[PDB]
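The block underneath contains the structure these notes are about, expressed in structure tokens.
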Amino acid sequence: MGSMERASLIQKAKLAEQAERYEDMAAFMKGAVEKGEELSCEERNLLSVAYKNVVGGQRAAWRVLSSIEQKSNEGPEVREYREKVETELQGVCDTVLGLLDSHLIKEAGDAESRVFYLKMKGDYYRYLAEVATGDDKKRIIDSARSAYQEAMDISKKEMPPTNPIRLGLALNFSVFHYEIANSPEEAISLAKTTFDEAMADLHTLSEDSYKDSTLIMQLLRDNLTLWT
Amino acid sequence: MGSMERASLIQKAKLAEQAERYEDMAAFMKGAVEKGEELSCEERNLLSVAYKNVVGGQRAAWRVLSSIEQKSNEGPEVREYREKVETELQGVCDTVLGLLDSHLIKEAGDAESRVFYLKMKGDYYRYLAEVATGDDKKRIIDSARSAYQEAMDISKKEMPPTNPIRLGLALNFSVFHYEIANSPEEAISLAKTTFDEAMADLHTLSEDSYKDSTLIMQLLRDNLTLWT
Amino acid sequence: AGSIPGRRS
Amino acid sequence: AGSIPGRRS
Ligand SMILES: *Cc1ccc(C(=O)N2CCOCC2)cc1
Ligand SMILES: *Cc1ccc(C(=O)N2CCOCC2)cc1
Ligand SMILES: [Cl-]
Ligand SMILES: [Cl-]
Ligand SMILES: [Cl-]
Ligand SMILES: [Cl-]
Ligand SMILES: [Mg+2]
Ligand SMILES: [Mg+2]
């Protein structure tokens, strides 16, 4: 997207979101990142929404195909096609991780941007871990853990307990513990402590911030209900 | 898809449908068609389902963007992006029409296959007509009309009035009349006569054929309710 | 005005 | 177990 203006890329990313054209959205936001300027709060959300939708569809397809493949192991086509989808998913994750590494994270100095990008890094390594089976699943898991942990450390020092980025980070890190790291007790403890500390901070918030925070706290509660 | 077996392409098209990967589905079915053999009833459905989903998403996006563009005319980005989606849609329609012309239709001798492909031809010209605005909208509309008309003539001679392909052809031709050809009276008359002649033939059907036919008759009724 | 859904088969 | 939906913004 080298020949398109940064502002035009951002504008078209917003149009693509309205049209539910998430592959286009991601390509526009990739082009905007590669302009080399830092991203605003809104622009970070556009980047995240775009790739989350793209990889979300790939993950859903991979799970359908992985399930069919497992039922068959109780021609090569099902394995071959699952492998095709898996490779495409890995390529998208690698692309996002490449954007974070070149050079979003190193230029992110404010807590809001740095925690946002590191949560992103944890998420896309988590997606790689979901399909990993070889000699590097352990290394991929530790890469996810390390990103989430650095983001947690910053968010606990620099953000209030009700901050939606801090809450969503804790939510996804708890899902990492439960689903990836085989640490359901750590997952439950993190979700509980996150929820309780947010509840105690709600009195400080405006009506609109209250709605933002309580929405994510309900997601923590939904998981705790499923896990206990 | 020249290096993949026909049977593997068909099998993977079915997997892609289960995974809701319709772009992959269409590419697999395009490869199967290009093997040069005629398509079975089931295989024709796979081809149709694949491309209908692909162009259906493009049409939905085009309508979102066309609406935004019209509100703005009361930078070039919205027009440019609508043009991009429109070109992609036209390319998919041209691809399907190319498959029908090389060489599905000319090798289709049975009424069930020939009517199926000609309905397809009418549909994809109708989709081209939806976005056409230049010196060839009239020619595109007549191409749609001619395909639908030939399919109608065969279906009335060779198929019972309850045949689901005959009913769906009449449904889509009525939508063509209403939405494209500015002939709402022709649309209403066709839907009414189609519905009434099917109702009179239902007594000949098994329980399962009855369910197939009455489902499409309800779609005709839904349109008549909207149009009258 | 609805055409054949034709999205599932 | 639900992560952040993050599908709309
Ligand atoms: C990681 C992350 C992404 C988005 C949000 C957020 O503020 N949302 C609004 C309400 O629904 C959930 C998304 C928090 C954390
Ligand atoms: C053109 C066409 C395509 C499919 C059908 C059909 O038999 N369907 C099953 C029930 O729901 C609608 C699709 C008829 C005509
Ligand atoms: Cl494959
Ligand atoms: Cl900075
Ligand atoms: Cl564009
Ligand atoms: Cl033949
Ligand atoms: Mg510039
Ligand atoms: Mg062969």
Side-chain angles (χ1 to χ4, degrees), chain A residues 1 3-29 31-32 46 50 53-70 72 75-89 91-92 131, chain B residues 1 3-29 31-32 46 50 53-70 72 75-89 91-92 131:
Chain A
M1 303 279 183
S3 70
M4 209 183 297
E5 290 275 18
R6 184 185 194 282
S8 300
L9 291 162
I10 298 302
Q11 177 175 0
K12 291 183 191 181
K14 293 173 185 177
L15 295 171
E17 178 175 20
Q18 290 175 259
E20 285 171 48
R21 296 264 299 195
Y22 292 107
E23 290 192 32
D24 289 346
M25 203 179 170
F28 292 139
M29 287 320 293
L46 294 169
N53 269 280
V54 167
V55 78
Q58 296 171 321
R59 291 162 73 212
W62 184 93
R63 298 193 290 261
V64 167
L65 300 170
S66 189
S67 170
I68 294 168
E69 186 182 12
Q70 281 163 320
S72 77
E77 284 86 0
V78 177
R79 171 192 61 78
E80 286 171 354
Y81 187 41
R82 189 266 302 155
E83 285 175 349
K84 173 189 166 162
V85 172
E86 179 174 307
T87 297
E88 183 191 300
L89 184 159
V92 175
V131 308
Chain B
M1 303 279 183
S3 70
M4 209 183 297
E5 290 275 18
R6 184 185 194 282
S8 300
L9 291 162
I10 298 302
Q11 177 175 0
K12 291 183 191 181
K14 293 173 185 177
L15 295 171
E17 178 175 20
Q18 290 175 259
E20 285 171 48
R21 296 264 299 195
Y22 292 107
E23 290 192 32
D24 289 346
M25 203 179 170
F28 292 139
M29 287 320 293
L46 294 169
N53 269 280
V54 167
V55 78
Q58 296 171 321
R59 291 162 73 212
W62 184 93
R63 298 193 290 261
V64 167
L65 300 170
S66 189
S67 170
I68 294 168
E69 186 182 12
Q70 281 163 320
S72 77
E77 284 86 0
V78 177
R79 171 192 61 78
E80 286 171 354
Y81 187 41
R82 189 266 302 155
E83 285 175 349
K84 173 189 166 162
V85 172
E86 179 174 307
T87 297
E88 183 191 300
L89 184 159
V92 175
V131 308

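Values below: all heavy atoms of this structure, side chains included; hydrogens, waters and symmetry mates excluded. Numbered from 1 within each chain, the chains take letters A, B, ... in sequence-line order.
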Query raised in the report: After noting the C-alpha distance and the side-chain angles of B/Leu15 and A/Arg82, does the key distance pass the side chain to side chain contact (heavy atoms under 4.5 Å, CB included) rule?
Result: CA-CA 9 Å; B/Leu15 295 171; A/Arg82 189 266 302 155; over 6 Å; no
Report task. Among B/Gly75, B/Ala60, B/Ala16, single out the residue with the greatest number of heavy-atom pairs under 4.5 Å to chain A. Result -> B/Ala16
Report task. For the pair A/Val64 and B/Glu20, evaluate side chain to side chain contact (heavy atoms under 4.5 Å, CB included) and give the outcome as yes or no after the intermediate values. Result -> CA-CA 9 Å; A/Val64 167; B/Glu20 285 171 48; over 6 Å; no
Query raised in the report: Given that the side chain runs from C-beta out, which part of B/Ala7 has a heavy atom under 4.5 Å from chain A: side chain, backbone, both or neither?
Result: neither
Report task. Tell me, with the steps shown, if A/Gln11 and B/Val78 meet side chain to side chain contact (heavy atoms under 4.5 Å, CB included). Result -> CA-CA 8 Å; A/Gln11 177 175 0; B/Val78 177; 4.2 Å; yes
Query raised in the report: When rounded to the nearest 0.5 angstrom, what is the spacing between CD1 in A/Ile10 and CD in B/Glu77?
Result: 11.5 Å
Requested in this report: Identify which part of A/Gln18 has an atom lying under 4.5 Å from any heavy atom of chain B, answering side chain, backbone, both or neither.
Outcome: both
Report summary line: Tightest non-hydrogen contact, residues A/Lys12 and B/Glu80, listed as NZ-OE1, 2.9 Å
Query - A/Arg21/B/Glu88 ion pair, N-O < 4.0 Å - result: yes
**Report entry** Heavy atoms of other groups near A/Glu5 CD, more than 12 under 6.0 Å
**Finding:** no
